[PDB]
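In: experimental coordinates follow, after the sequence.
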Amino acid sequence: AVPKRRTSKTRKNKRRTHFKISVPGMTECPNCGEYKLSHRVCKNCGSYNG
Amino acid sequence: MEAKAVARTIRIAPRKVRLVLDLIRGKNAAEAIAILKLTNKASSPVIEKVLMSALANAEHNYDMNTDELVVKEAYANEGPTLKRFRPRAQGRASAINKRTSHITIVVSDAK
Amino acid sequence: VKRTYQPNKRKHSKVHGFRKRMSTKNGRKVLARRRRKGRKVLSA
Amino acid sequence: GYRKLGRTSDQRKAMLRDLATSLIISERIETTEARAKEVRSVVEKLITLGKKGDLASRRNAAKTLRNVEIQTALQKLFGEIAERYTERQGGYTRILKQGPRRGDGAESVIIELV
RNA sequence: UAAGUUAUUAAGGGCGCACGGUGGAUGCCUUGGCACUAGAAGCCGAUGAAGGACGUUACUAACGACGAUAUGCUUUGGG
RNA sequence: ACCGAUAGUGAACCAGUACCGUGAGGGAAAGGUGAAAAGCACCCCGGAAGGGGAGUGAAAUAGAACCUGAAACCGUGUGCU
RNA sequence: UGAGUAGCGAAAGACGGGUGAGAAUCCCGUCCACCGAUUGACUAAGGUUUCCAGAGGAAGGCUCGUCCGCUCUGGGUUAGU
RNA sequence: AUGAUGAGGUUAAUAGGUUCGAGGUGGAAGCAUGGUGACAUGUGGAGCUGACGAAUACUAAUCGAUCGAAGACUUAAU
């Protein structure tokens, strides 16, 4: 079917309330010094050492 | 002081860039860099290059320390769209808007 | 599905060519009407 | 089945024979997480055949490898790959997560022989 | 201990203001049009027309000019 | 006591042309940096695009997507709720 | 606005090594898979430079692209039968 | 559907493998013997086995990071 009626920018902005992404969930590698993704290898120069 | 850097007519829709600009607005500088490095989104490298540019103008253009800066502003405005077409069934043809965007980033040392 | 236009050089020049239009009397009028307009292609 | 992989039963079995052969040839390969969790259970059952070492084991292992040259992939098994794990029981592989990849966002892992 | 009253939270939204983007209205301007007045003029062609095709420059894709003497030649006046 | 770029010729632009039709034939849309190109030497981030300076300029939110720059629309911050 | 919604046009790919700012998507390789009275070979229309080598990555390619039937620069068609 | 909700994260049995069973199929490869041969017989209900029961850390759940209280005011009673 077709929308019976136009959508306000209040209804639209409400419905985009939960449309987002989250922070990548990252730790700090204790060899590279830099940041990394937990349970993944250090994308910088380094390894896993798990 | 504040330093600023812009990237104009980036060829990505603005409401796809505003999704990842909202994760790094407010954070520190070295934290926002790692956030932009470790995210799946296609607009991550562009924002990363704009952020590194605004972090590099600070060291040289107006002398300041790059281990204190915080992302004071980060936003994306519209730019000129491109008008393409897609020929559908029964002779019709539908439009296609290729959106662009202008990414601005302002880094401040809080002073 | 066979469509309405099958290109062909001989038929095109034998029906719409300059000589065909310059042959009849209402073809000379077509040329005299296309020259007045300023068209860059009188017959093809 | 155990888990489907977007392939039909025939294309899946072929892809698993391919992956296991490549793993025993090179000994560490970069693939997708969901396939690394499936080659895990197909290569470890080949080193058990290589540790038994019968002639019925060569012939029951020949029907899951491919015929590629290096030795053949069946002679590298029953030789080096089966001689180094002669006291180890189980756990012949190990998978390491690398992160998502451009174009698909598919978690790409490395799998190798421990 | 008991009975009663009341408040901060804003995931997001509403209004007011400040600063940006988009888009190209309006203002002012005009290389060009419109409608007319007075005075020339009111035909060209088998000595090949009107109109065009192909070419010509140190490059040349196009437009003007030109025609194997070709991005032009001689001669008589102006400058 | 005509128009002033949605007007005036269809055409102020290299228009009866992109094109569109087998053909006869139909037909747009496109103006403006500055007084003078003086049209950004050089340094920095980037692979380039694009910036931030510093210079030209009376002015650079005048930088060739060039006078002015409005409304719909899209954002960022915040005062009361 | 509908809304980051419908779709992304019949089908088998897997790994290794390169190049590169960036690789599921480009180059080379082994294994696997498809057509095989045809998806193979040659020519008439019809298109009319789309063919080749060296460079390129703004737009086109229903994603990506370091690639191309796309952009730039140089080439390529030889008859007494 | 996704999440959510449940079993777990090395001070471990959560999954995969590996050893041992249940159920399934039906008597393997190789060799030996009997046949000209197709085949039959023996070792050995053998040998294979996705999801089911038990056990074992061999491999992988590493390191680490975030959120989350100091308890308002009246009146009666003690």
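Out: It's in. Residues are numbered from 1 along each chain as shown, chains lettered A, B, ... in the order given.

In: contacts, neighbours, all on C-alpha from now
Out: OK.

In: show me what residue of chain B gets nearest to RNA strand H.
Out: residue B:31 (11.6 Å; CA to the nearest atom of the strand).

In: that residue: which element?
Out: Element membership of residue B:31 [criterion: DSSP states H and E] is helix B:29-37.

In: would you mind getting the angle between the very next helix or strand once past that helix and helix B:29-37?
Out: Downstream of helix B:29-37, the next assigned helix or strand under DSSP H and E is helix B:44-60. Relative orientation of helix B:44-60 versus helix B:29-37 (axes from the mean of the first three to the mean of the last three CA atoms, to 10 degrees): 160 degrees.

In: and helix B:44-60, what other elements does it pack with?
Out: Identification of packing neighbours for helix B:44-60 by 3 or more CA pairs under 8 Å, 6 or more residues apart in numbering or on different chains; DSSP states H and E yields strand B:2-10, helix B:29-37, strand B:101-108.

In: CSV for these, including distance to residue D:96?
Out: Listed next are the helices and strands packed on helix B:44-60 as CSV, based on distance: least, CA to CA, whole Å:
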stretch, distance to residue D:96
strand B:2-10, 36
helix B:29-37, 20
strand B:101-108, 36
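
In: any chance of those in CSV, plus distance to residue C:13 and mean neighbour count?
Out: Formatted as CSV, these follow (distance: least, CA to CA, whole Å; neighbours: other CA atoms under 10 Å in any protein chain shown):
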stretch, distance to residue C:13, mean neighbour count
strand B:2-10, 50, 18
helix B:29-37, 65, 19
strand B:101-108, 53, 23
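
In: ok, and the closest non-adjacent residue to the spatially most central residue of chain C?
Out: Compute the mean C-alpha point of chain C, and by CA atoms, centre = their mean the closest residue is residue C:16, 2.8 Å away. Leaving out its chain neighbours, the residue that sits closest to residue C:16 by CA to CA, 6 or more residues apart in numbering or on different chains is residue C:44, at 5.9 Å.

In: shouldn't that neighbour be in contact with residue C:17?
Out: Yes: between residue C:44 and residue C:17 there is a contact under CA atoms under 8 Å: 5.1 Å.

In: compare the two and say which is more crowded by neighbours.
Out: residue C:17 (16 against 11; other CA atoms under 10 Å in any protein chain shown).

In: report how many residues lie close to residue B:58.
Out: Residue B:58 has 21 nearby residues by other CA under 10 Å.

In: cool, and residue C:20?
Out: 14.

In: so it sits against residue C:30, correct?
Out: No: in terms of CA under 8 Å, residue C:20 does not count as a neighbour of residue C:30; the distance is 11.2 Å.

In: contacts for the strand or helix carrying residue B:75?
Out: Following DSSP H and E, the helix or strand that holds residue B:75 is strand B:70-78. With contacts defined as CA atoms under 8 Å, 6 or more residues apart in numbering or on different chains, strand B:70-78 is touched by B:14, B:17-18, B:21, B:24-29, B:32, B:99-110.

In: please repeat the previous calculation with a cut-off of 7 Å.
Out: Here strand B:70-78 makes contact (CA atoms under 7 Å, 6 or more residues apart in numbering or on different chains) with B:14, B:17-18, B:21, B:25-29, B:100-109.

In: quick check: next helix or strand after it?
Out: Next element after strand B:70-78 (DSSP H and E): strand B:82-87.

In: paired strands for that next one, with orientation please.
Out: Applying DSSP bridges, strand B:82-87 is found paired with strand B:93-98 (antiparallel).

In: convert the strand it pairs with to CSV, retaining C-alpha atoms only.
Out: The C-alpha trace of strand B:93-98 is given here as CSV (Å, rounded to 0.1, in the frame of the first residue of the first chain):
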residue,chain,number,x,y,z
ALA,B,93,12.8,5.0,-15.4
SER,B,94,13.4,5.9,-11.8
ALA,B,95,15.8,8.5,-10.3
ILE,B,96,19.0,8.0,-8.3
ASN,B,97,20.5,10.7,-6.1
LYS,B,98,24.2,10.2,-5.5
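
In: how about it: buried residues?
Out: Within strand B:93-98, no residue counts as buried by 16 or more other CA atoms under 10 Å in any protein chain shown.

In: report the secondary structure state of the closest residue to chain D within chain C.
Out: Here the residue of chain C nearest chain D is residue C:1; by CA to the nearest CA that distance is 36.0 Å. Classification of residue C:1 using DSSP: H, G, I helix; E, B strand; the rest coil returns coil.

In: residues near it, how many?
Out: Residue C:1 is flanked by 3 other residues according to other CA under 10 Å.

In: same deal with residue B:41?
Out: Going by other CA under 10 Å, the residues that sit close to residue B:41 add up to 17.

In: ok, it to residue D:88 distance?
Out: As defined by CA to CA, to the nearest Å, residue B:41 lies at a distance of 43 Å from residue D:88.

In: do residue B:16 as well
Out: The gap separating residue B:16 from residue D:88 is 51 Å, by CA to CA.

In: what parts of chain C come near RNA strand F?
Out: C:4-5, C:12, C:16, C:30-31, C:33-34, C:37-44 (CA under 7 Å from any atom of the strand).
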